[PDB]
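Take a look at the letters that make up each chain.
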Amino acid sequence: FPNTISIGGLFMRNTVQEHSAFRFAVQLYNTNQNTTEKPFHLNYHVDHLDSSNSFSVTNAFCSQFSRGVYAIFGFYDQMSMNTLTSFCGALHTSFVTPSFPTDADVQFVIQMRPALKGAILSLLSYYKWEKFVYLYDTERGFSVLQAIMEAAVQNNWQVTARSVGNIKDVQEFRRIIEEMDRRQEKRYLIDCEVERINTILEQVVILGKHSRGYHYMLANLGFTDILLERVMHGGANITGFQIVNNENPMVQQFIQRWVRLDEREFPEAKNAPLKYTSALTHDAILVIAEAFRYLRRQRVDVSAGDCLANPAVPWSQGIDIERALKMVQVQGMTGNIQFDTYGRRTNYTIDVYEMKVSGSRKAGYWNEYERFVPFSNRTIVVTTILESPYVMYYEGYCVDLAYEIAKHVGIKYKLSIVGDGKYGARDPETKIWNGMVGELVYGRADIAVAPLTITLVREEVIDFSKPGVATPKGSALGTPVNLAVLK
Amino acid sequence: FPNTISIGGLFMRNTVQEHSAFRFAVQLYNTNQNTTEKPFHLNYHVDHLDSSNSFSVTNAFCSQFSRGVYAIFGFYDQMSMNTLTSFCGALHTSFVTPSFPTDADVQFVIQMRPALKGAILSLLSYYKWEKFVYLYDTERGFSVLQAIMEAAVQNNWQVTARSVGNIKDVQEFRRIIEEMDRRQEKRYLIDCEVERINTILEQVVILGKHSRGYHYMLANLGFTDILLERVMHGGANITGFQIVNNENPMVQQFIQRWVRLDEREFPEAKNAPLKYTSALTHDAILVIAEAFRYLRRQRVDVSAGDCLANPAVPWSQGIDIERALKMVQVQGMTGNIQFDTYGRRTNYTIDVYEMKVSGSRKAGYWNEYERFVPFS
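Residues numbered from 1 in each chain as written, not as in the entry; some residues may be left out. Chains lettered and ligands numbered in written order. Heavy atoms only, no water. Residues with missing side-chain atoms left out of burial classes, pairs and counts.

Structure determination for this PDB entry is given in the record as cryo-EM, at a resolution of 2.96 Å.

Written as structure tokens, this is what we have:
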């Protein structure tokens, strides 16, 4: 068995705290005095790669491979995931990563990040969500999206799915929020990156939808990195998922020893909140150390060419190292760590937090076997037209009719005069309705108590009561308004 | 100058007819008896990619690079474009591709699928499309989506965009169509693949939303590969784009010599409709031949290691080959062929077809300088 074991490290951009955690964990493993805990020295060959250039990624991976490594700890993005995964699976080199788990079943990859699909489904079942929105981007895989769609089909849910990964203008976010609010959707499920979640939440705050009655389920293990002070001040319900529990004594020790690090040699240390990815990196170091100690104990011989060989010769010892890595049983900052045959984590203990007015609170926890266990009248827009004797400065015949109708039906109504001041007609060129007909067809109003003449063209886009009151087609107010008009 | 020019071929899955067209065009160039037309013998080395294992793609590209190739004709998709483009740019190896043009500006890649942004925008402005649906997928890049959104912001349109790339259940298509119909959306822009376009058209036919009052603009070259008879009987307006003019004498001669080929030697050539990708492959052979003939004429010397050498030193003659490939002005099956500094088509004409009940009719043509010119 070698006296010193070297591993490769692959870090992307915007990844500085994780690098510090990696180096600090290696230093901690080396510094251990007990020979049993540290039977061999550990070395790293950290390198930085740009996922936007596959050539550079291949060169970095091949430098790591040629220099001689036993395992590679690295990050991959949706762009560079394929290259690293395929090369690692082809050359028989285990790849420990804390990034998003791969959708497909691939060997020689150990993913430190637990999957959120089961927890999300369990929370949706617990909260009894039968109809909601799902704003998603495909930067962490399609597993969650496919699971949500399959569950909705099976359970006959009403999920409004929207891909927000390609949106670069916040006005589109505002339009989406307004359109979905007009449909009376109180429940959102945001499965996006931290910055995208922040943008969506801030657009919500400006739109003023953070009041009571709104529930936001942030499907991201970045609850600490999400800015929601405004939203908690609003009073809306927020549900989040986390894996690093501050009450764990190991986490407390790691944090207390992590703060005293100088910001020069360990940048970002003791400056910003500890990202969960850093905990995953520390746990990855622990997993590698335990696996290699197990390999040494069992007296397994371990001991490099080029990536591009037509007769690709895999390591005879690669399978042994992969098996040793995947059979590990350790306790780390993220709890129990166990991997199945495909390198995915098992025995999750995801902490489910329910944000309260005072602050964040632990709602409960989710495990693979115990499932989830807890720790415990809108104003209706009435579009009208300014025309005597129907509407005057409001008072008039139509105002009285609207008051009577809103009395016969149980509703609260707010009048609004159409900005363009037109009754309505289809433009022959652009096929765009205007006036109150346009307001009703496009959902900007719920009812039009105005002298709208009943016509064949209009009857095909909206529903008229008896001699008439107009409503958008398919609305729930059609029959009540008709009956009120009768009486 | 070498007496024999060798090129590489990288053909992904479902690329049989393009392979046959590649071989046939190379044979046609070689069989020419004119001394000036064929000053060298053209050889090709064909490999088939998997496109789903980056290791396989890199292995194939490195085999091609090592065996010795002056140019590489190939295909790529969104899941293998980055690898081939990066390797070709780094090693100064020209990559002639009929695939979708890259969103970003990259070097050492000659793309000859004309961009549809200008034609689509011109048609939208000409038809007064100030409110329409936009069903798109990202299998050919985000260029069209970005152009449409910028145009909507600038012109105050009311585009309703929907990414149908990740939809695998037709019920989602039906729900989307029903929702847009409840909002009185009569005009659609479907920038999707041929299979997804066919699925969407099947859904609209099932829902009956193909009457005389609906207009569908299929923003995808390959108008002949889309099943439109069912929607044709409905009477809805359908607009499509093409780059191969069937009445072109060169296309006529190629078809005449192309339908009388052995089905064993040239599979898919007979009893199948020519794809625009095959025409682009033939035009790519024309471009390569013209570029190397020009290089020979100017007495430019052109004449290889491994992919991953640190530092990777590009070979000095790659600049000259790329420059000679990008300065060609040749008339092929897809009309005029010229390239700008970034290896994209210029001075290209896109035929706009409005399909009627009687049959498809060439409504007009679009050019960069002269915009949409209807025939009336």
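A. Inspection of the overall build of chain A at higher detail. Helix and strand counts for chain A come out as 15 helices and 20 strands. Whereas a compact globule of 487 residues would reach a radius of gyration of roughly 23 Å, chain A reaches 30 Å, over 25% beyond that. (Helix = DSSP H or I, 4+ residues; strand = E, 2+ residues; numbered from the N terminus. Rg over C-alpha atoms; globule rule 2.2 N^0.38 Å.)

B. Region of the structure containing the UniProt feature "disulfide bond" in chain A. UniProt's annotated cystine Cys 62 of chain A-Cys 307 of chain A is reproduced in these coordinates, with an S-S distance of 2.0 Å, under 2.5 Å. Exposure class is identical for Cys 62 of chain A and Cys 307 of chain A. Each is buried. (Disulfide = S-S within 2.5 Å. UniProt positions renumbered as here; feature names shortened; annotations may be inferred. Buried < 20%, exposed > 50% of the residue type's maximum accessible area, 1.4 Å probe, protein only.)

C. Structural detail: the sheet that holds strand β13 (residues 345-346) of chain A. Residues and elements named next belong to chain A. A sheet is described by the order of its strands in space; here three strands give the open sequence β11-β12-β13, paired in antiparallel fashion. Two strands close off the open sheet at either side, each with one partner strand: β11 (330-332) and β13. Relative to strand β12 (residues 335-339), β11 runs antiparallel, the two being bridged by three bridges. In the strand pairing of β12, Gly 332 is matched with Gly 335. Each of β11, β12 and β13 is contacted by helix α10 (residues 276-297), which is oriented at about 155 degrees to β11, the strand it contacts most. (Pairing = 2+ DSSP bridges. Contact = heavy atoms within 4.5 Å. Axes fitted to C-alpha atoms, helices over the stretch in contact; angles between N-to-C directions.)

D. Geometry of the interface of chain B and chain A. Facing 37 residues of chain B, the contacting portion of chain A comprises 41 residues. Of the roughly 3200 Å² buried between chain B and chain A on both sides combined, carbon and sulfur atoms contribute 55%. On the chain B side of the interface with chain A, the three residues burying the most area are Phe 55, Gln 184 and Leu 308 of chain B, jointly 20% of the side's total. In this structure, the salt-bridge partner of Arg 162 of chain A is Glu 179 of chain B, at a minimum N-O distance of 3.6 Å. Joining chain B to chain A, the criterion identifies nine residue pairs in polar contact. At the level of elements, α2 (54-67), α3 (81-90), α5 (143-155), β7 (160-163) and α6 (170-182) of chain B are the ones that each hand at least two residues to the side of chain B that touches chain A. Tallied by class, the residues present in the side of chain B that touches chain A amount to 13 nonpolar, 14 polar and ten charged. (Buried area = accessible area lost by both parts, 1.4 Å probe. Salt bridge = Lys/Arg side-chain N within 4 Å of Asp/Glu carboxyl O. Polar contact = N/O pair within 3.5 Å; in protein donor to acceptor, adjacent residues only side chain to side chain. Nonpolar A, V, L, I, M, F, W, Y, C, P; charged D, E, K, R; others polar.)

E. Layout of a nonpolar patch on the surface. A cluster of nonpolar residues, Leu 386, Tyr 393 and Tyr 394 of chain A, forms a patch on the protein surface that exposes about 400 Å² of accessible area. A relative accessible area of 47% places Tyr 394 of chain A in the partly exposed class. (Patch = residues over 30% accessible without salt bridge, like charges linked within 9 Å, V, L, I, M, F, W, Y side chains within 5 Å. Areas by Shrake-Rupley, 256 points an atom, 1.4 Å probe, with all protein chains shown as cover.)

F. Focus on the sheet that holds strand β5 (residues 109-111) of chain B. Residue and element names in this part refer to chain B. On the basis of which strands lie adjacent, the open sheet formed by five strands has the order β2-β1-β3-β4-β5 and parallel pairing. The outermost strands of the open sheet, each flanked by one partner alone, are β2 (41-48) and β5. Put simply, the sheet's adjacent strands are angled 25 degrees from each other on average, direction ignored. On top of the sheet, α2 reaches β1 (4-11), β2 and β3 (71-74); it is set at about 155 degrees to β2, its chief contact.

G. Structural detail: the side chain of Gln 111 of chain B. All names here are of chain B. Along the chain, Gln 111 falls in strand β5. A residue is classified by how much of its surface remains accessible, and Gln 111, at 1% relative accessible area, is buried. A polar atom in the side chain of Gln 111 sits 2.7 Å from the side chain of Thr 102. Each residue touching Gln 111, except ones within four places of it in the same chain, is listed here: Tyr 76, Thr 97, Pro 101, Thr 102, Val 106, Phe 339, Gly 343, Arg 344 and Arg 345.

H. Quick look at the UniProt feature "disulfide bond" in chain B. Look at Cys 62 of chain B and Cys 307 of chain B: UniProt pairs them in a disulfide, and at 2.0 Å between sulfurs the bond is present in this structure. In terms of burial, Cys 62 of chain B and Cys 307 of chain B fall into one category: buried.

I. Structural detail: unusual backbone geometry. That bond from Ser 388 of chain A to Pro 389 of chain A is cis: its omega, 0 degrees, falls within 30 degrees of zero. Within the secondary structure, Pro 389 of chain A is located in the loop between β17 (379-384) and α12 (397-408). A cis amide bond links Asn 310 of chain B to the next residue, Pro 311 of chain B, at an omega of 0 degrees. Here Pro 311 of chain B is to be found in the loop between α10 (276-297) and α11 (318-326). One non-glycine residue, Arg 371 of chain A, lies in positive phi territory at about 60 degrees. When you line up the elements, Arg 371 of chain A lands in strand β16 (residues 371-374).

J. Looking closely at α2 of chain B. In a regular helix each residue adds 1.5 Å, so 14 residues correspond to 20 Å; α2 of chain B covers 20 Å between its end C-alpha atoms and thus fits that length. Buried within α2 of chain B we find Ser 54, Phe 55, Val 57, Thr 58, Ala 60, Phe 61, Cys 62, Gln 64 and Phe 65 of chain B. On its buried face, α2 of chain B sits against α3 (81-91) of chain A together with β1, β2, β3 and α3 of chain B. Where α2 of chain B ends, the next residue or the one after it, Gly 68 of chain B, has phi of about 100 degrees, a positive value. (Expected span 1.5 Å × (residues − 1).)

K. Looking closely at the packing of α6 of chain B against helix α7 (residues 194-207) of chain B. Residues and elements named next belong to chain B. One can describe the packing of α6 onto α7 by two numbers: an axis separation of 10 Å at closest approach and a directional angle of 60 degrees. When the interaxial angle is binned, α6 and α7 end up oblique. Once α6 is placed against α7, the crossing between them reads as right-handed. Contact residues: α6 offers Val 170, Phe 173, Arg 174, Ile 177 and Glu 178, while α7 offers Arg 196, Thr 199, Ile 200, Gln 203, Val 204, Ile 206 and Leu 207. Looking at side-chain class alone, the contact of α6 with α7 contains seven nonpolar, two polar and three charged residues. (Parallel < 35°, antiparallel > 145°, perpendicular 65-115°, else oblique. Left-handed = near helix turned anticlockwise from the far one by under 90°.)

L. Region of interest: the domain arrangement of chain A. Per the domain assignment, the segments making up chain A are domain 1 (4-112 + 247-343), domain 2 (117-242 + 352-374) and domain 3 (379-486). Computed from C-alpha coordinates alone, the two centres of domain 1 of chain A and domain 3 of chain A are separated by 64 Å. (Domains from an automatic or database assignment.)

M. Quick peek at the pattern of salt bridges. Residues and elements named next belong to chain B. Under the counting rule described, the total for this entry stands at 35 salt bridges over all chains. A salt bridge links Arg 140 to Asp 191; the shortest N-O distance between them is 3.3 Å. Within this pair, whereas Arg 140 is found in the loop between β6 (133-136) and α5, its partner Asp 191 is found in strand β8 (residues 187-191), the two being separated by 51 residues in sequence. The burial state of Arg 140 is the same as that of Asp 191; both residues are buried. One salt bridge connects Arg 293 with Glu 290, and the closest N-O pair in it is separated by 3.3 Å. Highlighted residues: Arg 293 and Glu 290, both in helix α10, separated by three residues, approximately one helical turn.

N. View of helix α4 (residues 117-126) of chain B. All names here are of chain B. Of the residues making up α4, those classed as buried are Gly 118, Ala 119, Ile 120, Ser 122, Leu 123 and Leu 124. Where α4 is buried, its residues touch α5, β8, β9 (215-218), β10 (237-242), β13 (350-355) and β14 (360-366). Just beyond α4, the residue with positive phi is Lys 128, at close to 60 degrees.

O. Quick look at the packing of helix α4 (residues 117-127) of chain A against helix α5 (residues 143-155) of chain A. All names here are of chain A. Taken N-terminus to C-terminus, the directions of α4 and α5 make an angle of 35 degrees; their axes are 10 Å apart at the nearest point. Judged by the sense of rotation from one axis to the other, the crossing of α4 with α5 is right-handed. In this structure, α4 contributes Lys 117, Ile 120, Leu 121 and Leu 124 to the contact, and α5 contributes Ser 143, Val 144, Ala 147, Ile 148 and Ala 151. Considered class by class, the residues forming the contact of α4 with α5 number seven nonpolar, one polar and one charged.

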